Structures are given as C-alpha cells and as structure tokens.
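Undergrad: Okay, here's the structure, questions in a sec.
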Amino acid sequence: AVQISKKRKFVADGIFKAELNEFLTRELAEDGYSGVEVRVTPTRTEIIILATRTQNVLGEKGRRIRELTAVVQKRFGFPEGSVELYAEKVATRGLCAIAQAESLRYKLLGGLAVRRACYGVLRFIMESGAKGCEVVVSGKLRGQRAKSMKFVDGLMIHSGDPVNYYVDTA
Amino acid sequence: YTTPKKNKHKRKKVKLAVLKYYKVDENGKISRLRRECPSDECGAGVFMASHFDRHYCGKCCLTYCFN
Amino acid sequence: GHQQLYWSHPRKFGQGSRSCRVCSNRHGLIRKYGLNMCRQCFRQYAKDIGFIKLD
Amino acid sequence: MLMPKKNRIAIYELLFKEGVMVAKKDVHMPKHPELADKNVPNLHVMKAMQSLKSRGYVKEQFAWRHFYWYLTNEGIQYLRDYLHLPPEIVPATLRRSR
RNA sequence: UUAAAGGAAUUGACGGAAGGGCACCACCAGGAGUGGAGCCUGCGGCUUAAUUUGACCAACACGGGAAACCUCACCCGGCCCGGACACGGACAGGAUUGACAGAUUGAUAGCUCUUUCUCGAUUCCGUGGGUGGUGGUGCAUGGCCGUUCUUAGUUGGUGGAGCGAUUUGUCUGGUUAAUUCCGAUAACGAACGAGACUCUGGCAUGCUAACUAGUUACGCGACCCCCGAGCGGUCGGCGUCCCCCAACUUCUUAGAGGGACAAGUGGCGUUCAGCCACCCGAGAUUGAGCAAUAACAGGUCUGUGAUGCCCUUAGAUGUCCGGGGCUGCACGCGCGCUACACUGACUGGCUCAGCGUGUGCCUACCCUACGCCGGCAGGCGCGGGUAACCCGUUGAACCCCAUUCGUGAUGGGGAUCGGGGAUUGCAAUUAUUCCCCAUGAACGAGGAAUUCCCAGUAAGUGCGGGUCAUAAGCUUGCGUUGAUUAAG
Ligand SMILES: [Mg+2]
Ligand SMILES: [Mg+2]
Ligand SMILES: [Zn+2]
Ligand SMILES: [Zn+2]
C-alpha cells in the first residue's frame with residue numbers, strides 16, 4: 001500500500017540490521033560469528049554471514065542456514081522467496097575483535113587461568129599482523145572483591161577520528 | 001501477615017455420578033425428560049436445562065422464559 | 001480470568017501502552033522517527049542504526 | 001496451559017511443516033500472525049513450546065522480544081507419531097530446497 | 001605489662017614552607033542577576049491507610065520522573081495461573097472446562113452460593129522440580145556513566161647510578177594553550193595523551209549542475225500617470241522542456257577543488273624557539289567533538305532474556321481489575337517564571353527569521369491550506385502533503401510609527417476566587433488544558449551571602465524538537481536585537 005517517509009525509511013532498515021545482528025550474535029556466538037552484511041534489492045535480498053567457522057553454520061546438507069533463513073523470513077516480514085543467507089569466511093581470524101572476544105569467552109568457560117587465556121590471545125593477534133592490541137578482563141577474579149587485569153601490548157591510539165576505523169572494539 | 005477474612009476455597013464441582021436422562025417403559029422406548037436446545041446446532045442433541053420451572057441452553061447461553 | 005475483563009483497561013493512548021521494541025521498558029522511550037527503543041540502550045545500537053556522533 | 005486440542009494440532013502442523021516457529025513475547029495478543037485462522041492467542045503458542053522444551057524436543061533462543069524455536073530430531077520423531085504421519089513425511093528441515 | 005618501640009633512605013599525600021606558571025566551575029574591572037515578593041517545580045520535615053522510591057563540588061526542573069486511570073513499586077479490596085516437566089494418584093459404572101436466573105458483589109468477577117445444563121483427556125490432586133519478581137544486596141558484579149580531571153600528564157626497551165625500594169631518561173634556563181618546542185645533557189631510541197584529525201562557521205560574480213531552487217530578460221494581462229504618453233513605474237498575476245511559444249547561475253541548494261602558513265614587513269629575543277606590531281586579505285586564536293595512565297568501595301540490580309547470592313512463590317512480593325495515593329501542609333532549603341513601571345502599559349497601524357517536525361507493521365491518533373458557522377476557545381464541509389513538491393515567500397516577538405495614561409500600589413502587577421462556555425478522553429472531583437466576565441493579593445529593585453559570563457558574548461525576545469490523547473514556568477536546539485567591563 002502507501003509507503004512511509006524517507007527519514008523513517010533509513011531508521012527502519014538500520015533497526016532491521018541491528019535486530020538480526022543481535023539474534024545472529026546469540027545463535028552463532030559459539031561458532032565464530034564476526035558480524036553480518038546486508039544488501040536489499042527489489043527481489044531476493046542477500047545477507048552474508050561473516051562466520052569464521054563456516055563448517056559449523058552448515059548442517060548435514062546445510063540445515064542451520066535453512067532454518068536460520070526461516071526465522072529471518074518468518075519474523076521480518078518477508079514472503080516465501082525474498083531473503084537468502086550465505087556463510088563466508090572473514091580474512092585474518094585474529095584481526096577482527098569480535099571473533100576472539102568470543103573465542104576467549106569459551107576459553108574462560110573452559111576453566112583456564114584468566115592470565116593464561118588472555119596471553120594466548122594477546123600473542124595471537126600480535127603474530128597475526130597487528131599494529132597493537134589490548135584486552136581488558138574485569139570482574140570477579142580470585143578474590144571476593146572484583147578487580148580488572150588489562151594486558152596491553154604494542155601501541156594504540158585513543159583520540160581523534162582515526163580511532164573509528166583503525167580500531168575495532170568488542 | 002494475617003488474612004483474617006478467609007477467602008474460603010476454590011470451585012469444586014458437584015460430582016453427580018449418574019446420567020439416567022432417558023426413562024424407559026414397555027421393554028424399550030425412546031422418551032426424553034429434558035428439553036432440547038432450540039439453537040441452530042443441537043436439535044435433540046446437547047440438552048436444554050430443566051430447573052424448577054425454566055429452561056436454559058448451557059452451551060450457547062440462550063435461555064427460555066421463566067415459566 | 002473470565003475474558004470479558006482480564007485486559008480490559010484500555011491500553012491505547014498513554015505511556016502504559018508504549019514500550020521498547022528491543023528491551024521492553026515503558027519509561028524514557030523515544031518514539032521519534034518510529035524508533036521506539038529505550039533511552040538507556042538506544043545508545044548501544046546507535047551506531048548499528050548508523051547514527052554517528054559529530055565524529 | 002488449558003490446551004484446546006484443535007489448536008494444538010494447529011500449532012503442531014505449522015511447527016512440523018517447517019522446523020521453526022516465531023512467537024513474540026507478549027501474552028496479551030489474541031491473534032498469532034502466521035496462524036491467523038483459528039483465532040488463537042499466542043498464550044498457547046508460548047505454553048505449548050514451554051512443554052516442548054521440557055521434553056527436550058524444541059530448542060529456544062530469545063531475540064529482542066521474539067521467541068525463536070528449532071526442531072531437535074527427537075522432537076521430529078515425536079511429531080510424526082502425534083500427528084499420526086507415515087515415516088516419509090519430513091519437515092522443510094532436511095532437504096526440500098537444493 | 002607489651003609485638004614492636006626505633007634507625008637511615010625511598011615513593012606518594014599534605015604544609016596557616018619557599019620559587020615558577022595557570023583557571024571568569026578563581027579574583028580584579030564590570031554586566032545580568034540570584035538571595036526579599038507572588039507563583040511553578042524538586043528535596044527535607046510534619047501529617048497520612050499509603051503520602052512508593054533512588055541520589056545529600058561530583059544530590060535537590062535529577063532517574064530524560066509534565067503521575068487524572070495505565071505507567072506503579074506504595075495503600076485498601078477482589079479474580080486469575082500465564083505452577084513447565086518427572087513420578088504416583090485420580091481416573092469411561094462419572095478426572096475436568098464453561099455458564100442464564102436470582103440473596104451474593106464495588107463489579108453482568110459462575111468470586112462464592114442455591115439449582116442445573118454444558119466442555120472431551122484438555123486437566124485436576126499429591127511430591128520433587130522449574131518458573132516469574134520495578135523483591136533485597138551497586139560494599140558480590142558486568143556494562144555504561146560521572147568524577148580527582150580541562151589541567152599537561154603517563155610508560156616500557158637498552159644503557160648509567162644505587163645492596164635495595166627506586167632513580168636517570170621525564171632537565172639549569174628561554175619559550176608555548178600544551179614535557180609545546182629550542183638548547184642543555186648518562187643517556188639513547190620510542191609509545192600514549194597534547195597536537196594533527198572529523199564536524200562546523202566565515203570566503204572564492206571561479207568549476208560541475210538544477211519544472212521539487214531561482215534570477216534576469218522577453219511576451220500577455222492589470223493599474224497609475226503633469227496631459228495623455230511610454231523601452232515610464234508597480235505586481236510572489238500569467239507564460240517562456242510541455243516537448244524549445246528564452247537564456248543563465250549572482251542570489252538558493254550542494255559536491256569537488258582552492259584559500260592562511262605566523263606567510264610578508266619592521267621591532268624584540270642567544271638574532272634560538274618564539275613574541276609584539278602593522279600591510280594585504282573573507283578570515284591573522286570560529287565553535288564543538290573524541291580524549292591517556294592509574295583510580296573512586298562515586299551512581300545505577302527501578303531501564304535490559306547483563307547477572308551471582310539471598311528472599312518470595314498460589315491467603316503468592318507473579319499478574320490483572322476497581323478505588324485511593326505518589327499533588328496531602330505551623331515550617332526550612334534549591335533550580336526557575338512573572339514583576340515592581342513612563343527607557344513603561346495600553347489601543348491601532350507597520351514591517352523582518354532560522355533550526356527543524358509531520359498519516360503509524362503491532363499503534364487507535366499526523367501537519368495544516370481554503371470555505372462557511374461562532375464575540376472566544378472552537379465546530380463542520382472540502383483539499384493538499386510520506387515532503388527544496390503541501391502547510392510555507394513559515395507575514396515570530398522584541399523593535400519601529402502614531403494614540404491614550406500621567407508617578408497614585410495607578411490603565412503597574414495579576415496572585416487568589418465565583419459563575420459560565422468548549423476541547424482531549426473509558427473517566428476531568430483533589431479545578432487536564434484552553435476561552436469569557438468578574439474579583440484585584442503581596443510587590444517601591446531586595447541584608448549577610450552567592451552564581452554565571454569577556455564578542456555576535458552577556459542580556460532582552462520569540463520559534464521549533466523532546467515529553468505529547470489531552471499539554472511547557474522544564475530541557476535541548478534555533479534565529480532576532482545587541483552591549484557597558486577586560487587583554488591582567
Ligand atoms: Mg535493568
Ligand atoms: Mg512612573
Ligand atoms: Zn446449539
Ligand atoms: Zn529482601
């Protein structure tokens with residue numbers, strides 16, 4: 001029917017984008033998620049996942065895409081044949097910050113020393129071709145009071161606009 | 001912390017364990033004892049009530065005059 | 001129960017019927033441009049919408 | 001919940017024709033949008049899938065305000081029996097697109 | 001009787017210790033005030049069935065908290081189960097839903113009761129177990145945020161000094177908004193912060209480009225004109241991409257690129273860093289954003305399906321419905337609004353804006369032209385607008401010009417209060433707001449004390465976003481008019 005204003009066009013598909021980011025975070029966190037990227041056409045829309053483990057999003061003949069197409073389709077108002085999903089591997093696993101934030105999540109769920117787990121990931125980004133990185137793990141460590149242990153290495157800027165694209169946080 | 005006024009119980013039903021709404025003489029004879037509902041659905045089906053005088057269709061809540 | 005007056009107070013106009021579309025509070029929410037998110041964590045997704053601050 | 005038997009088959013036939021169902025966390029909604037033909041409130045759509053969790057059959061995640069559900073394979077073999085279906089009917093889970 | 005008392009050094013914090021710098025959250029010099037008045041709104045106290053609550057520079061128009069109900073926690077009552085699963089019981093010869101009438105209620109709640117029909121394993125009962133919670137605990141936490149903290153500050157590597165904690169680097173000086181640089185030197189080479197950077201503002205009669213922006217010209221129409229002309233004057237009247245019955249970009253909107261660097265010229269300075277003057281020029285410091293290291297028992301579990309632990313779970317702290325409360329007033333404090341008039345108030349003429357916002361998936365209801373009813377708020381008919389297409393050339397107020405008034409608590413001020421009229425709404429009472437008539441209180445520039453600010457700034461003055469069914473004395477933005485003091 002009648003269409004809506006351009007000002008609320010742009011906040012509606014921005015909030016479309018933010019919603020399925022949050023769900024595909026909650027689903028694919030254990031499977032190396034690392035974000036999404038959307039393209040709308042006046043046909044089939046195509047959403048590519050940026051999973052690091054593209055094996056695990058695939059089921060036995062790709063189940064967990066086809067039911068993950070269905071929940072995207074049966075919530076966000078798409079007809080039968082208008083949204084498709086693809087899994088794609090993001091280059092340099094240890095250089096996007098969302099990926100190994102989730103990796104050391106399941107390493108600390110694995111029951112490591114928090115100093116042992118953070119060193120393995122600090123050593124991993126700096127050997128993956130990085131200019132600097134730092135990890136802050138903060139909360140209830142060994143002790144009744146919470147405290148924060150940060151593990152900075154290399155150099156890192158903090159102010160201006162180039163800490164918008166030269167960095168990524170997680 | 002008291003509740004003096006005693007909200008008494010829930011609803012437990014009357015639990016009347018007998019149908020017998022078809023009396024029979026002469027060794028086999030169909031005979032109603034309760035009126036049927038006059039609705040569009042249950043002609044001689046789900047009964048209409050028999051009170052001390054009135055009739056009432058329980059399923060679709062229509063009632064006949066108190067007589 | 002007794003469906004006639006379970007949810008019978010009219011949730012219509014008024015802040016007892018607006019709510020957050022993410023986060024399900026009824027307080028502080030921003031109904032501008034059809035956002036309908038909570039005040040406190042509009043700020044989370046503000047970059048995911050695409051709203052940059054000044055830089 | 002209170003479980004009307006027509007409406008449980010109504011939600012099972014949709015939860016078995018595809019391996020998903022997409023209720024939203026609001027109890028006071030008289031009309032499930034994808035069912036929309038048996039005037040079902042989504043009270044029942046919640047409280048059926050509550051039981052399907054506790055038998056180990058369905059698998060939930062929760063969105064912003066939405067419930068998403070998936071079929072585990074123990075749930076699929078339960079639904080081929082309760083819908084009384086022959087062991088050739090499968091959902092859109094396994095292979096209907098190529 | 002007691003597990004330290006003590007010694008020398010080190011790092012911080014402090015000093016009513018010195019030396020050098022800096023800040024309108026510091027002062028001077030000032031402005032506007034606030035502090036006195038009425039009112040609006042937050043907090044304390046009192047009162048109350050409850051007057052829910054969090055916070056005491058860095059709490060107090062703060063939880064974007066403007067509560068008629070819903071929100072909502074609190075108070076008085078009343079339904080519901082939205083108690084998943086696991087086991088046993090109940091269990092076709094009688095587990096469980098629902099319900100007309102009537103005492104029954106606040107209630108057309110089968111809430112309960114009397115009576116009786118109806119519903120198809122759905123459940124119900126017991127026991128374990130979940131589950132929910134604006135229930136506790138922010139001193140159990142996460143995340144965000146504020147703050148010491150708008151100041152220049154911080155740290156490794158390797159050498160050197162020390163037994164060591166540590167120190168040098170990171171400095172005598174000069175300079176800078178800035179550990180900013182110059183230079184000096186047991187240090188050298190670096191990193192973060194500062195700066196650059198992004199947004200913004202001012203300039204480019206240069207470029208690209210415009211029936212959703214325009215101008216100029218040319219046609220047509222209208223009107224005035226000594227006297228009667230018109231290449232005269234006025235016109236947001238019409239047309240000229242409507243298929244050439246015109247061109248162009250100054251104005252308008254962007255996009256690119258340019259432009260300012262302390263460059264040039266004197267003077268000072270170690271002729272170092274740089275500073276002070278000018279000339280040229282739109283501009284010789286535009287304004288803001290991000291913003292380190294290390295912290296605080298800072299605030300928030302009442303924002304969150306962030307969450308540990310405890311508590312509660314059916315006569316439930318879950319949830320719904322109805323009523324009430326969060327607005328109660330001998331008082332105290334904090335933000336603010338309107339005033340004390342004549343540099344003003346009236347009444348009428350007259351002319352100027354900019355930022356922006358607009359019909360919704362749930363979600364009902366948007367912005368308003370024009371016409372006609374009404375003395376006013378308003379009411380209808382009729383359009384347009386999903387927007388440089390319509391409201392809208394946003395005819396904003398102050399100010400400007402005339403009129404009345406005359407230093408009188410006055411035609412200043414408009415609190416309080418009576419009666420009426422409309423709109424929003426399920427509902428306006430403890431007045432929602434608006435309109436009309438009447439009533440006409442303090443208040444004469446404010447003690448001690450105290451706040452904010454140095455250029456389109458302070459202040460005056462309206463407008464628009466937020467909240468919004470109805471609604472701004474608040475907040476966040478915008479333009480308008482525009483300075484008095486200072487370069488310490
Ligand atoms: Mg919360
Ligand atoms: Mg006077
Ligand atoms: Zn019938
Ligand atoms: Zn408690």
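Convention: chains lettered A, B, ... in structure tokens order; per-chain residue numbering from 1; ligands numbered from 1 as shown.
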If you count only C-alpha atoms (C1' of nucleotides), which residues fall within 12 Å of residue A:12, apart from same-chain ones fewer than 2 positions away, as a PyMOL selection string?

TA: (chain A and resi 4-10+14-19+76) or (chain C and resi 21+32-37+48-50) or (chain E and resi 361)

Undergrad: Using only C-alpha atoms (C1' of nucleotides) and all ligand atoms, which protein or nucleic acid residues are at most 8 Å from ligand 4, as a list in words?

TA: residues 135, 136, 310 and 311 of chain E

Undergrad: Taking 2 positions as the minimum chain separation for residues in the same chain, which residues sit within 7 Å of residue D:24 when counting only C-alpha atoms (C1' of nucleotides)? Answer as a ChimeraX atom specification.

TA: /D:22,26,65-67

Undergrad: Might you pull out every residue within 10 Å of residue D:1, with only C-alpha atoms (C1' of nucleotides) counted and same-chain residues fewer than 2 positions away left off, and present them as an NGL selection string?

TA: (:D and (3-4 or 43-44 or 46-48 or 50-51)) or (:E and (81-82 or 84 or 122-123))

Undergrad: In Å to one decimal, how far is atom CA of residue A:31 from atom CA of residue A:79?

TA: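 For atom CA of residue A:79 relative to atom CA of residue A:31, the distance reads 28.2 Å.
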
Undergrad: Quick one: residues within 12 Å of stretch 51-54 of chain B, only C-alpha atoms (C1' of nucleotides) counted, chain neighbours fewer than 2 positions away excluded, as an NGL selection string?

TA: (:B and (33-35 or 48-49 or 56-57 or 62-67)) or (:E and (100-101 or 114-117))

Undergrad: Suppose we keep C-alpha atoms (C1' of nucleotides); can you now write the selection as a PDB file, in the first residue's frame?

TA:
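Ended up saving to selection_20.pdb:
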ATOM      1  CA  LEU B  33     -37.119 -35.956  30.026  1.00  0.00           C
ATOM      2  CA  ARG B  34     -35.235 -32.712  29.356  1.00  0.00           C
ATOM      3  CA  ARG B  35     -35.998 -30.243  26.594  1.00  0.00           C
ATOM      4  CA  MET B  48     -31.642 -27.698  27.495  1.00  0.00           C
ATOM      5  CA  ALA B  49     -31.840 -27.317  31.254  1.00  0.00           C
ATOM      6  CA  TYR B  56     -31.650 -22.908  29.722  1.00  0.00           C
ATOM      7  CA  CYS B  57     -29.268 -23.871  26.916  1.00  0.00           C
ATOM      8  CA  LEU B  62     -29.631 -18.780  25.396  1.00  0.00           C
ATOM      9  CA  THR B  63     -32.462 -19.058  27.907  1.00  0.00           C
ATOM     10  CA  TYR B  64     -36.215 -19.631  27.655  1.00  0.00           C
ATOM     11  CA  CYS B  65     -38.826 -17.638  29.576  1.00  0.00           C
ATOM     12  CA  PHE B  66     -39.115 -18.334  33.310  1.00  0.00           C
ATOM     13  CA  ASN B  67     -42.268 -20.432  33.049  1.00  0.00           C
TER      14      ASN B  67
ATOM     15  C1'   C E 100     -28.790 -17.940  32.281  1.00  0.00           C
ATOM     16  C1'   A E 101     -31.519 -16.671  36.565  1.00  0.00           C
ATOM     17  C1'   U E 114     -28.833 -22.284  45.527  1.00  0.00           C
ATOM     18  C1'   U E 115     -30.456 -25.006  41.227  1.00  0.00           C
ATOM     19  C1'   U E 116     -28.852 -27.308  36.644  1.00  0.00           C
ATOM     20  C1'   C E 117     -27.118 -27.853  31.767  1.00  0.00           C
TER      21        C E 117
END

Undergrad: What lies within 10 Å of residue E:433 using only C-alpha atoms (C1' of nucleotides), ignoring chain neighbours under 5 positions off, as a PDB file with N, CA and C atoms (P, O5', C5', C4', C3', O3' and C1' of nucleotides), in the first residue's frame?

TA:
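result02.pdb, freshly written:
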ATOM      1  P     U E 423     -17.040  20.503  22.247  1.00  0.00           P
ATOM      2  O5'   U E 423     -15.533  20.007  22.149  1.00  0.00           O
ATOM      3  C5'   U E 423     -14.666  20.507  21.145  1.00  0.00           C
ATOM      4  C4'   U E 423     -13.223  20.378  21.553  1.00  0.00           C
ATOM      5  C3'   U E 423     -12.771  18.988  21.953  1.00  0.00           C
ATOM      6  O3'   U E 423     -12.501  18.146  20.851  1.00  0.00           O
ATOM      7  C1'   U E 423     -11.997  20.549  23.540  1.00  0.00           C
ATOM      8  P     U E 424     -12.751  16.568  20.979  1.00  0.00           P
ATOM      9  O5'   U E 424     -11.554  16.066  21.896  1.00  0.00           O
ATOM     10  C5'   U E 424     -10.216  16.111  21.431  1.00  0.00           C
ATOM     11  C4'   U E 424      -9.256  15.579  22.460  1.00  0.00           C
ATOM     12  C3'   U E 424      -9.604  14.224  23.045  1.00  0.00           C
ATOM     13  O3'   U E 424      -9.216  13.157  22.202  1.00  0.00           O
ATOM     14  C1'   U E 424      -8.965  15.712  24.777  1.00  0.00           C
ATOM     15  P     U E 470      -3.033  15.005  21.258  1.00  0.00           P
ATOM     16  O5'   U E 470      -3.375  15.785  22.600  1.00  0.00           O
ATOM     17  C5'   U E 470      -4.389  16.773  22.578  1.00  0.00           C
ATOM     18  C4'   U E 470      -5.029  16.967  23.927  1.00  0.00           C
ATOM     19  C3'   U E 470      -4.332  17.931  24.864  1.00  0.00           C
ATOM     20  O3'   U E 470      -4.653  19.278  24.569  1.00  0.00           O
ATOM     21  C1'   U E 470      -5.007  15.978  26.036  1.00  0.00           C
ATOM     22  P     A E 471      -3.646  20.189  23.718  1.00  0.00           P
ATOM     23  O5'   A E 471      -2.227  19.538  24.009  1.00  0.00           O
ATOM     24  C5'   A E 471      -1.051  20.329  24.020  1.00  0.00           C
ATOM     25  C4'   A E 471      -0.705  20.749  25.424  1.00  0.00           C
ATOM     26  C3'   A E 471       0.773  20.866  25.749  1.00  0.00           C
ATOM     27  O3'   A E 471       1.308  22.109  25.326  1.00  0.00           O
ATOM     28  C1'   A E 471      -0.332  19.672  27.465  1.00  0.00           C
TER      29        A E 471
END

Undergrad: In Å, how far is it from atom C1' of residue E:51 to atom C1' of residue E:328?

TA: 6.7 Å

Undergrad: With distances taken over only C-alpha atoms (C1' of nucleotides), which of E:297, E:188, E:284, E:92 is nearest to chain A?

TA: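 When distances to chain A are compared using only C-alpha atoms (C1' of nucleotides), the smallest one comes from E:297.
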
Undergrad: Name the residues, by chain letter and number, that sit within 6 Å of ligand 3 using only C-alpha atoms (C1' of nucleotides) and all ligand atoms, and give them as a ChimeraX atom specification.

TA: /B:39-42

Undergrad: Would you mind exporting N, CA and C atoms of the selected residues as a CSV table (one decimal), in the first residue's frame?

TA:
chain,number,residue,atom,x,y,z
B,39,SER,N,-31.4,-24.1,19.4
B,39,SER,CA,-30.4,-23.5,18.6
B,39,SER,C,-30.3,-24.1,17.3
B,40,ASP,N,-29.4,-23.5,16.4
B,40,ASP,CA,-29.2,-23.9,15.1
B,40,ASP,C,-28.2,-25.1,14.9
B,41,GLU,N,-27.8,-25.6,16.1
B,41,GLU,CA,-26.7,-26.6,16.1
B,41,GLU,C,-27.1,-27.9,16.6
B,42,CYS,N,-27.8,-27.9,17.7
B,42,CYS,CA,-28.0,-29.1,18.6
B,42,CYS,C,-29.5,-29.4,18.8

Undergrad: I need the contact residues of chain E against chain C, so if you could list those with any atom within 7 Å, counting only C-alpha atoms (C1' of nucleotides), and return them as a PyMOL selection string, that would help.

TA: chain E and resi 64+70-71+79-80+198-199+289-290+303-304+320+364+469

Undergrad: What is the atom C1' of residue E:77 to atom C1' of residue E:429 distance in Å?

TA: 21.8 Å

Undergrad: Please write out the residues within 12 Å of ligand 2 as an NGL selection string, counting only C-alpha atoms (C1' of nucleotides) and all ligand atoms.

TA: :E and (340-345 or 405-410 or 412 or 444)

Undergrad: Selected residues, C-alpha atoms (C1' of nucleotides), written as a PDB file, in the first residue's frame, please.

TA:
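So the final result, stored in result-v6.pdb, reads:
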ATOM      1  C1'   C E 340       7.954  46.147  40.986  1.00  0.00           C
ATOM      2  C1'   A E 341       6.587  50.567  35.675  1.00  0.00           C
ATOM      3  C1'   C E 342       6.715  56.430  31.807  1.00  0.00           C
ATOM      4  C1'   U E 343      13.718  53.678  28.660  1.00  0.00           C
ATOM      5  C1'   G E 344       6.570  51.724  30.649  1.00  0.00           C
ATOM      6  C1'   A E 345       1.463  49.740  29.941  1.00  0.00           C
ATOM      7  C1'   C E 405      -2.369  57.262  30.528  1.00  0.00           C
ATOM      8  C1'   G E 406       0.207  60.649  33.942  1.00  0.00           C
ATOM      9  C1'   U E 407       4.183  58.990  39.420  1.00  0.00           C
ATOM     10  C1'   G E 408      -1.102  57.388  42.592  1.00  0.00           C
ATOM     11  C1'   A E 409       0.421  50.247  44.911  1.00  0.00           C
ATOM     12  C1'   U E 410      -2.265  53.665  39.014  1.00  0.00           C
ATOM     13  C1'   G E 412       1.937  48.982  37.176  1.00  0.00           C
ATOM     14  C1'   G E 444       8.660  50.568  45.517  1.00  0.00           C
TER      15        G E 444
END

Undergrad: Quick one: residues within 10 Å of stretch 164-179 of chain E, only C-alpha atoms (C1' of nucleotides) counted, chain neighbours fewer than 3 positions away excluded, as a list in words?

TA: residues 9, 10, 11, 151, 152, 153, 154, 160, 161, 182, 183, 184, 185, 186, 187, 188, 194, 195, 269, 270, 272, 273, 274, 275 and 285 of chain E

Undergrad: Considering only C-alpha atoms (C1' of nucleotides), extract the chain E residues located within 10 Å of chain A and return them as a list in words.

TA: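 Listing them in order of chain and number gives residues 139, 140, 141, 142, 191, 192, 193, 196, 197, 198, 289, 290, 291, 292, 297, 308, 358, 359, 360, 361, 386 and 387 of chain E.
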